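The next block holds one structure in the form of structure tokens; read it before the comments.
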Amino acid sequence: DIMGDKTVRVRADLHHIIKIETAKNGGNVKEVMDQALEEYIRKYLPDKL
Amino acid sequence: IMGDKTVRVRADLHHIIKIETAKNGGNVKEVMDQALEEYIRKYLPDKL
């Protein structure tokens, strides 16, 4: 069940957009990025699962 | 001209992208950016 994280870089303008949204009420940049990756993988690399 | 910011992502998802990108030859950052931009245009239209 354990899993660590990795530091990566992303365009500042994209980061700013998520930062602003998660700052409103509920949300976390890390969670958004993970979800964004999961959707990318499901879309372009479906041969995963 | 556009700078970058750091973010923490799940290690398993990163590994999957790293393996896949290594095949073709590109870099992980381009994938992170595409993944995030697509998420934004989908759930946060008009922000870009």
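FYI, nothing fancy with the structure tokens labels: chains A, B, ... in order, residues from 1 per chain, ligands from 1 as they appear.
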Could you list the residues in chain A lying within 9 Å of chain B, using only C-alpha atoms, and format the result as a PyMOL selection string? chain A and resi 3-18+29-41+45+48
If you run DSSP on this backbone, which residues of chain B come out as strand (DSSP E or B), and could you give them as number ranges by chain? B: 4-10
Taking the chain letters and numbering used in this document, name the residues of chain B that DSSP puts in helix (DSSP H, G or I), as a PyMOL selection string. chain B and resi 11-24+28-43
Could you save the residues just selected, with N, CA, C and O atoms, as a compact mmCIF listing (two decimals), in the first residue's frame?
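To be explicit, this is the file written out as part-v8.txt:
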```txt
# COMPACT_ATOMS: atom_id res chain seq x y z
N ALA B 11 5.41 7.99 -7.30
CA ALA B 11 6.56 7.33 -7.88
C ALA B 11 6.22 6.26 -8.91
O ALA B 11 6.96 6.07 -9.87
N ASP B 12 5.11 5.55 -8.72
CA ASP B 12 4.76 4.51 -9.67
C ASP B 12 4.31 5.10 -11.00
O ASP B 12 4.65 4.58 -12.06
N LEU B 13 3.56 6.19 -10.95
CA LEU B 13 3.09 6.84 -12.17
C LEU B 13 4.29 7.42 -12.90
O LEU B 13 4.37 7.37 -14.13
N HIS B 14 5.24 7.98 -12.15
CA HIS B 14 6.43 8.54 -12.75
C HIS B 14 7.24 7.44 -13.43
O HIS B 14 7.74 7.61 -14.54
N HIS B 15 7.36 6.30 -12.76
CA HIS B 15 8.12 5.19 -13.31
C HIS B 15 7.51 4.74 -14.64
O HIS B 15 8.22 4.49 -15.61
N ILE B 16 6.19 4.64 -14.67
CA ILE B 16 5.50 4.23 -15.89
C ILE B 16 5.82 5.19 -17.03
O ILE B 16 6.11 4.77 -18.15
N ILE B 17 5.77 6.49 -16.75
CA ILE B 17 6.07 7.48 -17.78
C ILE B 17 7.53 7.41 -18.20
O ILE B 17 7.85 7.50 -19.38
N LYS B 18 8.41 7.25 -17.22
CA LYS B 18 9.84 7.17 -17.48
C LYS B 18 10.19 6.01 -18.40
O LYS B 18 10.96 6.16 -19.35
N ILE B 19 9.61 4.84 -18.13
CA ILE B 19 9.87 3.66 -18.94
C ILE B 19 9.40 3.90 -20.37
O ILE B 19 10.15 3.70 -21.33
N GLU B 20 8.15 4.33 -20.51
CA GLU B 20 7.55 4.60 -21.81
C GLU B 20 8.30 5.65 -22.62
O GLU B 20 8.51 5.48 -23.82
N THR B 21 8.71 6.73 -21.97
CA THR B 21 9.43 7.80 -22.65
C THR B 21 10.83 7.36 -23.07
O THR B 21 11.33 7.77 -24.12
N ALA B 22 11.46 6.52 -22.25
CA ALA B 22 12.80 6.03 -22.55
C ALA B 22 12.80 5.28 -23.88
O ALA B 22 13.77 5.34 -24.63
N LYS B 23 11.71 4.58 -24.16
CA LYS B 23 11.58 3.82 -25.40
C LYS B 23 11.72 4.73 -26.61
O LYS B 23 12.67 4.60 -27.38
N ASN B 24 10.77 5.64 -26.78
CA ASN B 24 10.79 6.57 -27.90
C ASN B 24 12.02 7.48 -27.85
O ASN B 24 12.66 7.71 -28.88
N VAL B 28 10.66 13.15 -19.73
CA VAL B 28 9.51 13.08 -18.84
C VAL B 28 8.79 14.42 -18.66
O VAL B 28 7.56 14.45 -18.53
N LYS B 29 9.52 15.53 -18.64
CA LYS B 29 8.88 16.83 -18.45
C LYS B 29 7.82 17.14 -19.50
O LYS B 29 6.75 17.66 -19.17
N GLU B 30 8.11 16.84 -20.77
CA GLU B 30 7.13 17.11 -21.82
C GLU B 30 5.84 16.35 -21.54
O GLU B 30 4.74 16.84 -21.83
N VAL B 31 5.97 15.15 -20.99
CA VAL B 31 4.80 14.35 -20.67
C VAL B 31 4.05 14.95 -19.48
O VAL B 31 2.83 15.06 -19.51
N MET B 32 4.78 15.34 -18.44
CA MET B 32 4.15 15.96 -17.28
C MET B 32 3.37 17.18 -17.73
O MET B 32 2.22 17.39 -17.32
N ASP B 33 3.99 18.01 -18.57
CA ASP B 33 3.32 19.21 -19.05
C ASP B 33 2.09 18.89 -19.89
O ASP B 33 1.06 19.55 -19.76
N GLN B 34 2.19 17.89 -20.76
CA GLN B 34 1.04 17.55 -21.58
C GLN B 34 -0.09 17.02 -20.72
O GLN B 34 -1.26 17.38 -20.91
N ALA B 35 0.26 16.16 -19.77
CA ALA B 35 -0.74 15.58 -18.88
C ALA B 35 -1.46 16.67 -18.11
O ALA B 35 -2.69 16.69 -18.04
N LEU B 36 -0.70 17.60 -17.54
CA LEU B 36 -1.31 18.67 -16.77
C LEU B 36 -2.11 19.63 -17.65
O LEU B 36 -3.21 20.04 -17.27
N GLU B 37 -1.58 20.00 -18.81
CA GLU B 37 -2.32 20.91 -19.67
C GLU B 37 -3.64 20.29 -20.12
O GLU B 37 -4.68 20.96 -20.16
N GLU B 38 -3.62 19.00 -20.45
CA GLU B 38 -4.85 18.34 -20.88
C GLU B 38 -5.89 18.30 -19.76
O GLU B 38 -7.09 18.46 -20.01
N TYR B 39 -5.42 18.10 -18.53
CA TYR B 39 -6.31 18.07 -17.38
C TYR B 39 -6.96 19.45 -17.23
O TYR B 39 -8.17 19.56 -17.00
N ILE B 40 -6.16 20.50 -17.38
CA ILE B 40 -6.66 21.86 -17.25
C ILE B 40 -7.65 22.22 -18.35
O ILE B 40 -8.72 22.77 -18.07
N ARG B 41 -7.33 21.90 -19.59
CA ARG B 41 -8.25 22.25 -20.67
C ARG B 41 -9.56 21.48 -20.56
O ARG B 41 -10.60 21.93 -21.03
N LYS B 42 -9.51 20.33 -19.89
CA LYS B 42 -10.69 19.49 -19.71
C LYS B 42 -11.57 19.93 -18.53
O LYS B 42 -12.78 20.11 -18.69
N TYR B 43 -10.96 20.12 -17.36
CA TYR B 43 -11.71 20.50 -16.17
C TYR B 43 -11.69 21.97 -15.80
O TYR B 43 -12.50 22.43 -14.99
```
